[PDB]
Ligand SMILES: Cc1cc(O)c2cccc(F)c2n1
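To begin, one chain is listed below as structure tokens, in the form deposited without ligand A1AXG.
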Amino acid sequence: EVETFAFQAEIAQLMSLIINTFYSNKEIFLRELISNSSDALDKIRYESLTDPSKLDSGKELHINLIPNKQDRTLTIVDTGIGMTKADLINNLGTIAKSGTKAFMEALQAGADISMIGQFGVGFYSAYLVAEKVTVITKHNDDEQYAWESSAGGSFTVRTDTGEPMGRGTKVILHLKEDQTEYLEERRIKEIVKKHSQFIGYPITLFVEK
């Protein structure tokens, strides 16, 4: 049972800007997704300070980076707070309408695309490098869901049948054919050292057979 939704017009506009603007500095997508993972880990940590049972779904707070050259996918996994179904539908838990407005007024004032994360819509930078993005998420108060979009104005949401997650979010980037550099170990390491070197959670870069 798959539900198909239209993006709000402003978010479709944001996505088509990201996909169609000539902008060579695409590597910042990974900084932005790791930053969102760190924000999600901070949230479940804060809730656990007054209610330790919030970690019954998983005590370890970490980020995994999983490249898969056979599938041409880069997956960013975190064990943060996750998202409910309602969060997923409501622009993956972001204030994306007003964030997109503020971003586009910043661009008019001399900002560039790399500042997207300052406006709360850094998730959508995934579309710098991915043709399709799948988000699998589990929040303590809801069931496990899969969101998916290849842009083009719509996204889908379905109950996830896959491997149970416990709690957190998995972003699966189905990379564009010309963006496979982001599956190479040395390139990922370079980007994490350049842009994410002070993130307060362990990051494990998986290797491949």
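Residues that one form lacks are left out of the comparison. Take the two forms, find the largest set of C-alpha atoms that superpose within 1.5 Å, and that set is the rigid core. Quick note: we count residues from 1 along the sequence shown, nothing fancier.
53 to 61 versus 165 to 173 - which carries the larger mean C-alpha B factor in the record
Mean B over CA atoms: larger for 53 to 61.
Is the mean CA B factor in the deposited entry higher across 132 to 140 or across 109 to 117?
If you average the C-alpha B-factors of 132 to 140 and of 109 to 117, the larger mean comes out for 109 to 117.
Say you rank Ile19, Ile191, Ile199, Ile11 by Cα B-factor from the PDB entry; which sits at the top? The record points to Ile19.
*Residue, from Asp178, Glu27, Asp39, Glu32, that the PDB entry assigns the highest Cα B-factor*: Of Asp178, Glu27, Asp39, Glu32, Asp178 has the highest C-alpha B-factor.
Would you mind checking where the Cα B-factor of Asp87 ranks among the modelled residues of its chain, as the lowest, middle or highest third? It falls in the middle third of the chain.
### Query
With respect to C-alpha B-factor, does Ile95 fall in the lowest, middle or highest third of the chain as deposited?
Middle third - that is where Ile95 ends up once the chain's C-alpha B-factors are sorted.
Handout entry: For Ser154, the third of its chain into which the C-alpha B factor falls
Key = According to the entry, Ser154 has a C-alpha B-factor in the chain's lowest third.
Here the subject shifts to the form solved in complex with ligand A1AXG, a form of this protein not shown in this document.
Using a 2.4 Å cut-off to backbone and C-beta atoms, with three or more ligand atoms needed to call it blocked: open or blocked for ligand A1AXG placed in the bound PDB entry and overlaid on this form?
In the bound PDB entry, ligand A1AXG occupies a site that, on this form, turns out blocked once the ligand is superposed onto it.
**Asked** Hey, in the bound PDB entry, does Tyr182 get a heavy atom within 4.5 angstroms of ligand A1AXG?
**Response** No - in the bound PDB entry, heavy atoms of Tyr182 and ligand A1AXG never come within 4.5 Å of each other.
Answer yes if any heavy atom of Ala130 is within 4.5 Å of a heavy atom of ligand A1AXG in the bound PDB entry; otherwise answer no. It does not: once ligand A1AXG is placed as it appears in the bound PDB entry, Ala130 has no heavy atom within 4.5 Å of it.
Quick check on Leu74: any heavy atom within 4.5 Å of ligand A1AXG in the bound PDB entry? No.
Given a 4.5 Å distance limit between heavy atoms, list every residue of 116 to 155 close to ligand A1AXG in the bound PDB entry, or none if there are none. Residues within 4.5 Å: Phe123, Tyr124, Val135, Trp147.
Practice prompt. State which of the options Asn90, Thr84, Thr134, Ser114 undergoes a Cα shift of 2 Å or more between this form and the one not shown, taking the core as fixed.
Written response: None of the others reach 2 Å, which leaves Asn90.
Sense of the change in Cα distance from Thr94 to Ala9 in the bound PDB entry - at least 3 Å versus the shown form | Residues converge in the bound PDB entry, at least 3 Å closer.
So the Cα-Cα distance between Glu131 and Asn91 shifts by 3 Å or more in the bound PDB entry; is it shorter or longer than what we see here? They are farther apart; the C-alpha distance rises by 3 Å or more in the bound PDB entry.
Give the residue ranges, in sequence order, where three or more consecutive C-alphas each shift by 2 Å or more between this form and the one not shown after rigid core alignment.
When the rigid core is held fixed, residues 90 to 94 make up the only run that shifts.
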